[PDB]
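Structure file data18.cif (mmCIF, N, CA and C atoms; chains and numbers go by the auth columns) follows.
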```cif
data_coords
#
loop_
_atom_site.group_PDB
_atom_site.id
_atom_site.type_symbol
_atom_site.label_atom_id
_atom_site.label_comp_id
_atom_site.label_asym_id
_atom_site.label_seq_id
_atom_site.Cartn_x
_atom_site.Cartn_y
_atom_site.Cartn_z
_atom_site.B_iso_or_equiv
_atom_site.auth_seq_id
_atom_site.auth_asym_id
ATOM 1 N N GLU A 1 14.387 -12.956 28.668 0.00 1 A
ATOM 2 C CA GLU A 1 15.166 -11.765 29.078 0.00 1 A
ATOM 3 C C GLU A 1 15.553 -11.122 27.772 0.00 1 A
ATOM 4 N N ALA A 2 16.687 -10.367 27.698 0.00 2 A
ATOM 5 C CA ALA A 2 17.153 -9.690 26.496 0.00 2 A
ATOM 6 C C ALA A 2 18.622 -9.999 26.314 0.00 2 A
ATOM 7 N N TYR A 3 18.948 -11.315 26.357 0.00 3 A
ATOM 8 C CA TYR A 3 20.246 -11.978 26.417 0.00 3 A
ATOM 9 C C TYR A 3 21.059 -11.881 25.131 0.00 3 A
ATOM 10 N N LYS A 4 20.931 -12.921 24.278 0.00 4 A
ATOM 11 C CA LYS A 4 21.636 -13.148 23.047 0.00 4 A
ATOM 12 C C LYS A 4 20.566 -13.505 22.055 0.00 4 A
ATOM 13 N N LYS A 5 20.244 -12.516 21.204 0.00 5 A
ATOM 14 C CA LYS A 5 19.339 -12.578 20.098 0.00 5 A
ATOM 15 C C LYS A 5 19.909 -11.414 19.341 0.00 5 A
ATOM 16 N N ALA A 6 19.338 -11.077 18.161 0.00 6 A
ATOM 17 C CA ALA A 6 19.649 -9.891 17.383 0.00 6 A
ATOM 18 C C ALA A 6 18.733 -8.770 17.822 0.00 6 A
ATOM 19 N N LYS A 7 19.290 -7.780 18.570 0.00 7 A
ATOM 20 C CA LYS A 7 18.578 -6.661 19.186 0.00 7 A
ATOM 21 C C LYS A 7 18.501 -5.493 18.226 0.00 7 A
ATOM 22 N N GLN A 8 19.331 -5.573 17.150 0.00 8 A
ATOM 23 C CA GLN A 8 19.365 -4.669 16.011 0.00 8 A
ATOM 24 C C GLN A 8 18.312 -5.015 14.964 0.00 8 A
ATOM 25 N N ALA A 9 17.838 -6.287 14.927 0.00 9 A
ATOM 26 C CA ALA A 9 16.724 -6.750 14.108 0.00 9 A
ATOM 27 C C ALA A 9 15.488 -6.879 14.974 0.00 9 A
ATOM 28 N N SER A 10 14.667 -5.835 15.166 0.00 10 A
ATOM 29 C CA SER A 10 13.528 -5.895 16.053 0.00 10 A
ATOM 30 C C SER A 10 12.917 -4.571 15.740 0.00 10 A
ATOM 31 N N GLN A 11 11.857 -4.172 16.504 0.00 11 A
ATOM 32 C CA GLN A 11 11.061 -2.962 16.344 0.00 11 A
ATOM 33 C C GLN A 11 11.781 -1.674 16.722 0.00 11 A
ATOM 34 N N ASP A 12 13.056 -1.832 17.164 0.00 12 A
ATOM 35 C CA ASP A 12 14.051 -0.816 17.436 0.00 12 A
ATOM 36 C C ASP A 12 14.766 -0.396 16.161 0.00 12 A
ATOM 37 N N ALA A 13 14.751 -1.280 15.118 0.00 13 A
ATOM 38 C CA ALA A 13 15.227 -0.930 13.785 0.00 13 A
ATOM 39 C C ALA A 13 14.066 -0.574 12.903 0.00 13 A
ATOM 40 N N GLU A 14 12.833 -1.037 13.241 0.00 14 A
ATOM 41 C CA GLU A 14 11.610 -0.873 12.477 0.00 14 A
ATOM 42 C C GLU A 14 10.991 0.487 12.690 0.00 14 A
ATOM 43 N N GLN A 15 11.052 1.015 13.952 0.00 15 A
ATOM 44 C CA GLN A 15 10.451 2.297 14.323 0.00 15 A
ATOM 45 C C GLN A 15 11.357 3.469 13.980 0.00 15 A
ATOM 46 N N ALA A 16 12.698 3.265 14.097 0.00 16 A
ATOM 47 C CA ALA A 16 13.759 4.237 13.853 0.00 16 A
ATOM 48 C C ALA A 16 14.047 4.407 12.369 0.00 16 A
ATOM 49 N N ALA A 17 13.475 3.483 11.556 0.00 17 A
ATOM 50 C CA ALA A 17 13.387 3.527 10.112 0.00 17 A
ATOM 51 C C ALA A 17 12.121 4.205 9.627 0.00 17 A
ATOM 52 N N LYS A 18 11.095 4.329 10.516 0.00 18 A
ATOM 53 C CA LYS A 18 9.787 4.862 10.179 0.00 18 A
ATOM 54 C C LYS A 18 9.787 6.353 10.404 0.00 18 A
ATOM 55 N N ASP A 19 10.358 6.835 11.542 0.00 19 A
ATOM 56 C CA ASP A 19 10.475 8.270 11.833 0.00 19 A
ATOM 57 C C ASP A 19 11.783 8.834 11.291 0.00 19 A
ATOM 58 N N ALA A 20 12.416 8.057 10.370 0.00 20 A
ATOM 59 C CA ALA A 20 13.469 8.430 9.445 0.00 20 A
ATOM 60 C C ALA A 20 12.943 8.914 8.103 0.00 20 A
ATOM 61 N N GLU A 21 11.816 8.311 7.571 0.00 21 A
ATOM 62 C CA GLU A 21 11.205 8.628 6.262 0.00 21 A
ATOM 63 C C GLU A 21 10.315 9.841 6.379 0.00 21 A
ATOM 64 N N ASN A 22 9.747 9.983 7.610 0.00 22 A
ATOM 65 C CA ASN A 22 8.584 10.786 7.984 0.00 22 A
ATOM 66 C C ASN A 22 8.846 12.267 7.874 0.00 22 A
ATOM 67 N N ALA A 23 10.144 12.664 7.938 0.00 23 A
ATOM 68 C CA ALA A 23 10.608 14.031 7.759 0.00 23 A
ATOM 69 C C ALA A 23 10.707 14.422 6.289 0.00 23 A
ATOM 70 N N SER A 24 11.004 13.452 5.377 0.00 24 A
ATOM 71 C CA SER A 24 11.087 13.628 3.932 0.00 24 A
ATOM 72 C C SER A 24 9.763 13.382 3.253 0.00 24 A
ATOM 73 N N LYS A 25 8.779 12.780 3.985 0.00 25 A
ATOM 74 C CA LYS A 25 7.366 12.720 3.627 0.00 25 A
ATOM 75 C C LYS A 25 6.682 14.063 3.785 0.00 25 A
ATOM 76 N N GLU A 26 7.010 14.764 4.912 0.00 26 A
ATOM 77 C CA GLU A 26 6.668 16.166 5.161 0.00 26 A
ATOM 78 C C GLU A 26 7.464 17.128 4.283 0.00 26 A
ATOM 79 N N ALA A 27 8.824 17.117 4.369 0.00 27 A
ATOM 80 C CA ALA A 27 9.706 18.017 3.640 0.00 27 A
ATOM 81 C C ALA A 27 10.113 17.461 2.281 0.00 27 A
ATOM 82 N N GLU A 28 9.091 16.913 1.556 0.00 28 A
ATOM 83 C CA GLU A 28 9.012 16.540 0.151 0.00 28 A
ATOM 84 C C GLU A 28 8.509 17.729 -0.629 0.00 28 A
ATOM 85 N N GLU A 29 7.516 18.458 -0.018 0.00 29 A
ATOM 86 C CA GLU A 29 6.435 19.236 -0.638 0.00 29 A
ATOM 87 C C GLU A 29 6.873 20.477 -1.404 0.00 29 A
ATOM 88 N N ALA A 30 8.170 20.866 -1.293 0.00 30 A
ATOM 89 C CA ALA A 30 8.788 21.937 -2.070 0.00 30 A
ATOM 90 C C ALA A 30 9.398 21.420 -3.368 0.00 30 A
ATOM 91 N N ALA A 31 9.734 20.100 -3.415 0.00 31 A
ATOM 92 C CA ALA A 31 10.153 19.365 -4.601 0.00 31 A
ATOM 93 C C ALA A 31 8.955 18.731 -5.280 0.00 31 A
ATOM 94 N N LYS A 32 8.350 17.732 -4.581 0.00 32 A
ATOM 95 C CA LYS A 32 7.171 16.960 -4.961 0.00 32 A
ATOM 96 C C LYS A 32 7.490 15.801 -5.902 0.00 32 A
ATOM 97 N N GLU A 33 8.224 14.762 -5.425 0.00 33 A
ATOM 98 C CA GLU A 33 8.834 13.686 -6.217 0.00 33 A
ATOM 99 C C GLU A 33 7.908 12.512 -6.513 0.00 33 A
ATOM 100 N N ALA A 34 6.628 12.877 -6.743 0.00 34 A
ATOM 101 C CA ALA A 34 5.619 12.228 -7.548 0.00 34 A
ATOM 102 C C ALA A 34 5.663 12.793 -8.957 0.00 34 A
ATOM 103 N N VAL A 35 5.906 14.133 -9.081 0.00 35 A
ATOM 104 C CA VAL A 35 5.670 14.912 -10.291 0.00 35 A
ATOM 105 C C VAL A 35 6.989 15.469 -10.796 0.00 35 A
ATOM 106 N N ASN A 36 8.106 14.966 -10.221 0.00 36 A
ATOM 107 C CA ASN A 36 9.467 15.180 -10.643 0.00 36 A
ATOM 108 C C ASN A 36 10.008 13.811 -10.340 0.00 36 A
ATOM 109 N N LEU A 37 10.992 13.355 -11.144 0.00 37 A
ATOM 110 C CA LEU A 37 11.688 12.095 -11.038 0.00 37 A
ATOM 111 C C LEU A 37 12.960 12.381 -11.818 0.00 37 A
ATOM 112 N N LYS A 38 13.578 13.573 -11.629 0.00 38 A
ATOM 113 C CA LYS A 38 14.786 13.960 -12.322 0.00 38 A
ATOM 114 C C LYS A 38 15.543 14.872 -11.359 0.00 38 A
#
```
Give the structure from this file in structure tokens form.
Amino acid sequence: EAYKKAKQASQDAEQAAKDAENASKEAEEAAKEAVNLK
């Protein structure tokens, strides 16, 4: 079932961390922080 385990440590923290980066992977491109690091 989905009783007593860590429900915060699962693919619910893994996926919500992935479509968290994905907007700054797209909206990087006006800065470009491969070729700036300052």
(request) Provide the atom CA of residue 38 of chain A to atom CA of residue 22 of chain A distance in Å, to one decimal place. (result)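 A separation of 21.5 Å between them.
The gap separating atom N of residue 29 of chain A from atom N of residue 13 of chain A is 25.9 Å, in Å to one decimal.
For the atom pair formed by atom CA of residue 12 of chain A and atom CA of residue 26 of chain A, the distance is 22.2 Å, given to one decimal.
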(request) Report the residues of chain A whose backbone DSSP state falls under helix (DSSP H, G or I), written as a PyMOL selection string. (result) chain A and resi 11-14+22-26
File of the preceding selection, N, CA and C atoms, as a compact mmCIF listing (two decimals), in the frame of the given file:
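Final output, saved to part16.txt:
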```txt
# COMPACT_ATOMS: atom_id res chain seq x y z
N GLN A 11 11.86 -4.17 16.50
CA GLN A 11 11.06 -2.96 16.34
C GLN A 11 11.78 -1.67 16.72
N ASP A 12 13.06 -1.83 17.16
CA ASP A 12 14.05 -0.82 17.44
C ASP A 12 14.77 -0.40 16.16
N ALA A 13 14.75 -1.28 15.12
CA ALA A 13 15.23 -0.93 13.78
C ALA A 13 14.07 -0.57 12.90
N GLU A 14 12.83 -1.04 13.24
CA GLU A 14 11.61 -0.87 12.48
C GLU A 14 10.99 0.49 12.69
N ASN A 22 9.75 9.98 7.61
CA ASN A 22 8.58 10.79 7.98
C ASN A 22 8.85 12.27 7.87
N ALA A 23 10.14 12.66 7.94
CA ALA A 23 10.61 14.03 7.76
C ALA A 23 10.71 14.42 6.29
N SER A 24 11.00 13.45 5.38
CA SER A 24 11.09 13.63 3.93
C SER A 24 9.76 13.38 3.25
N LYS A 25 8.78 12.78 3.98
CA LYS A 25 7.37 12.72 3.63
C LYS A 25 6.68 14.06 3.78
N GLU A 26 7.01 14.76 4.91
CA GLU A 26 6.67 16.17 5.16
C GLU A 26 7.46 17.13 4.28
```
How big is the axis-aligned box around the listed atoms of segment 7-17 of chain A once 6 Å is added on each side, and where is its centre? Give both in Å to one decimal, as lines of an AutoDock Vina configuration file.
```
center_x = 14.9
center_y = -1.7
center_z = 14.4
size_x = 20.9
size_y = 24.2
size_z = 21.6
```
